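Fold and geometry: a report
What follows is each chain in one-letter form.
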Amino acid sequence: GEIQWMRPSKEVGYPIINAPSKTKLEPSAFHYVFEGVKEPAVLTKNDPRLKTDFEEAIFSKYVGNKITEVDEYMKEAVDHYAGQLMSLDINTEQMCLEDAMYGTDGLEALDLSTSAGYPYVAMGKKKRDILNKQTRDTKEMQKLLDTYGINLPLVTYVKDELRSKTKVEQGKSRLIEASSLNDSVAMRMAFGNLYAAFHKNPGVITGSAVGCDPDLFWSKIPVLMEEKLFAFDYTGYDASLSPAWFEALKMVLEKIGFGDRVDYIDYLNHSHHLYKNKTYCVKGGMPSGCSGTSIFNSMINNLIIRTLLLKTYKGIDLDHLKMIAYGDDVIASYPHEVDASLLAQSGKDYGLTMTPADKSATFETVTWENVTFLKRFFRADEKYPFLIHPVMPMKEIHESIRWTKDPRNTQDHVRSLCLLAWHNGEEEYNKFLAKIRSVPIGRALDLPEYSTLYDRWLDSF
Ligand SMILES: Nc1ccn([C@@H]2O[C@H](COP(=O)(O)OP(=O)(O)OP(=O)(O)O)[C@@H](O)[C@H]2O)c(=O)n1
Ligand code: NA
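Residues numbered from 1 in each chain as written, not as in the entry; some residues may be left out. Chains lettered and ligands numbered in written order. Heavy atoms only, no water.

As deposited, the entry is annotated with X-ray crystallography as its determination method and 2.25 Å as its resolution.

This is how it looks when you write it as structure tokens:
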């Protein structure tokens, strides 16, 4: 990804974008009961915690575009992945505006709590108005599509979330490149059925984990994997993608019955952005807040891994590459060992910065004991080994519970953390429940006991 140009929105007829400069995150009733070293992310250049220019830091993720064309390896990767998807019968039909807006089997309704993007965010209009879950009325939307069209600029917001101290001081705040509601609806009509097919088939055929339920899916993963696991992390995956990877993605779409609307992918690739008073153009880079970001990111990861394997190991058998991706996160396997360090080297040539899995200092062997996916480990259940526990580290849970954005959602937030925590075991879980109940707010929460969660889990398969 690379910014081609940046300048004042007024110079080109665009209004300044108003963005709250104060974090909604504040210590919660449990702030001093649990240990945590993360704080709210810098949201403005004035934030006293800064130790470097903010503007420069939040845009440094666009490291450049390393490659220009789709080479032989990428093309072979495209053919093989497109081949797997083919065995799914993904309905190539366009999604009717009703299902696209309010959802259907395999696709959830639009999220009413997220920005509506330009121009609506400059007119004061909000999603609550345009959309109506009860009537499932397309009329208002339609009247807006015809009025403002598509390919509308992406409104860029700084993501309000917890970050390490270092990332606060280096202004490494993440950004939310929000797509207008129009674009989001169009894209969901265009790729609606593709999304659904993926959501309904997490696994090694789609090579996707999007829409999955860890409590059930974790038990299926080991069976799907080949003998030898391999993994690695990406640094700024989304922003590092070069235009060629988008072309490769279109090739895939074209081959499975969507050559029809690959133009949409171009907007993800060559995009127009609005940040505050400034406007800029980005060549490459997957925008964070578009319809299908997670899925197209996963599809591209499937192309990338196949590509690096073909480039590094001529003769490799892709039919035995078993991988599952969720955006940049991935858990992959092959019947034979592979050098992740080697793959990382080939990665640089494709514009990808790959490092040892889970911040390891060096590329070491990936095992079922040390492998993680979605921050979760894999741990066979003591009493029934064939059932696998997705285990989120308590540290992550401790960090999250120490803050709140709305006291009205404390019950839901803590309840959610409990559904993650109990997998760490009864002893740990009860210590967690105990600390929660050491202050008034916690004692008033309705939290599930261990046995209730474990028994429910056992019956869920
Ligand atoms: N609104 C956003 C913005 C970014 N991201 C994701 O967050 C990543 C960047 O987060 P950070 O953890 O700060 O990036 P990494 O470079 O992956 O961290 P590291 O340096 O430790 O490798 C991006 O690639 C993207 O996948 C996201 O999910 N939502
Ligand atoms: Na882009």
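Take the nonpolar core next. Note that soluble globular proteins tend to have their nonpolar side chains buried in a common cluster. Judged by nonpolar contacts, the single largest core of 78 residues is most densely connected at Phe191, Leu194, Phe230, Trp245, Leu253, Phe296 and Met299. Each of domain 1 (1–13 + 70–202 + 243–284) and domain 2 (213–242 + 292–367) accounts for three or more of the residues forming this core. Among all residues touching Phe191, those that are not within four sequence positions of it are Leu253, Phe258, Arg261, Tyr264, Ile265 and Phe296. If you look at the next biggest cluster of nonpolar residues, it comprises 23 residues, including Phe34, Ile401, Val414 and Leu453. (Core = buried A, V, L, I, M, F, W, Y, C linked by side-chain atoms within 4.5 Å. Buried < 20%, exposed > 50% of the residue type's maximum accessible area, 1.4 Å probe, protein only. Domains from an automatic or database assignment. Contact = heavy atoms within 4.5 Å.)

With that out of the way, let us pick up the coordination of the sodium ion (ligand 2). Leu268 (O), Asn269 (O), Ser271 (OG), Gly284 (O) and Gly285 (O) make up the full set of protein donors to the sodium ion (ligand 2), lying at 2.5 to 2.9 Å. In the primary sequence, the donor residues of the sodium ion (ligand 2) line up as L-N-x1-S-x12-G-G. Each member of the pair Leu268 and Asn269 is classed as buried. (Donors = N, O, S within 2.8 Å, 3.2 Å for Na, K, Ca; no water.)

Next up on the list: the site of ligand 1. Lining the immediate environment of ligand 1, one finds 13 residues, of which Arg163, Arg174, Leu175, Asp238 and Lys359 sit closest. At 3.0 Å from an oxygen atom of ligand 1 is found a main-chain nitrogen or oxygen belonging to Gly236. For ligand 1, whose accessible area on its own is 630 Å², the fraction buried by protein is 67%. Of all elements in the fold, only strand 6 (175–178) and helix 9 (237–240) reach the threshold of two or more residues within the shell around ligand 1. Residue-level mapping places the shell around ligand 1 at the junction of two domains, with at least three residues from each of domain 1 (1–13 + 70–202 + 243–284) and domain 2 (213–242 + 292–367). (Near = heavy atom within 4 Å. Polar contact = N/O pair within 3.5 Å; in protein donor to acceptor, adjacent residues only side chain to side chain. Areas by Shrake-Rupley, 256 points an atom, 1.4 Å probe, with all protein chains shown as cover. Helix = DSSP H or I, 4+ residues; strand = E, 2+ residues; numbered from the N terminus.)

With that settled, the discussion passes to helix 13 (residues 340–349). Every buried residue of helix 13 is listed here: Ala340, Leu343, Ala344, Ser346 and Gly347. Looking down the long axis of helix 13, one finds its buried residues gathered within 165° of arc, a one-sided arrangement. In this structure, helix 13 carries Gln345 and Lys348 as exposed residues pointing more than 90 degrees from its buried face. Looking at the packing, one finds that the buried side of helix 13 touches strand 7 (228–230), helix 12 (293–312) and strand 13 (354–355). Capping the start of helix 13 is the job of one residue whose side-chain oxygen sits 2.8 Å from the backbone nitrogen of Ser341: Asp339. Of the residues flanking the end of helix 13, it is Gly351, one or two places downstream, whose phi is positive at about 85°. (Arc of directions from axis to C-beta.)

In this section: the environment of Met101. Tracing the backbone shows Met101 in helix 3 (residues 97–102). In sequence terms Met101 and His413 are 312 residues apart; their C-alpha atoms lie 27 Å from each other. The contact partners of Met101, leaving out residues within four places of it in the chain, are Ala109, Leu110, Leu131, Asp137, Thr138, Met141 and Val185.

On to the sheet that holds strand 4 (residues 154–158). Here 5 strands make up an open sheet; going across it, the order is 1-10-9-4-6 and the pairing mixed. The open sheet has two edge strands, strand 1 (2–8) and strand 6, and neither has a second partner. Recorded for the sheet is a direction-independent mean angle of 30° between the axes of neighbouring strands. The sheet contact formed by strand 4 and strand 6 spans 4 bridges and is antiparallel. Bridged to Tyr157 within strand 6 is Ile176. (Pairing = 2+ DSSP bridges. Axes fitted to C-alpha atoms, helices over the stretch in contact; angles between N-to-C directions.)

With that settled, consider the environment of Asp99. Mapped onto the fold, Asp99 is located in helix 3. The exposure class of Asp99 is partly exposed, given its relative accessible area of 21%. Taking C-alpha positions, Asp99 is 9.9 Å from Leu110, a pair spaced 11 residues apart along the chain. Beyond its immediate chain neighbours, meaning those up to four positions away, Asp99 contacts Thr104, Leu107 and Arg136. Reaching out from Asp99, the side chain makes a polar contact with the side chain of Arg136 at a distance of 3.4 Å.

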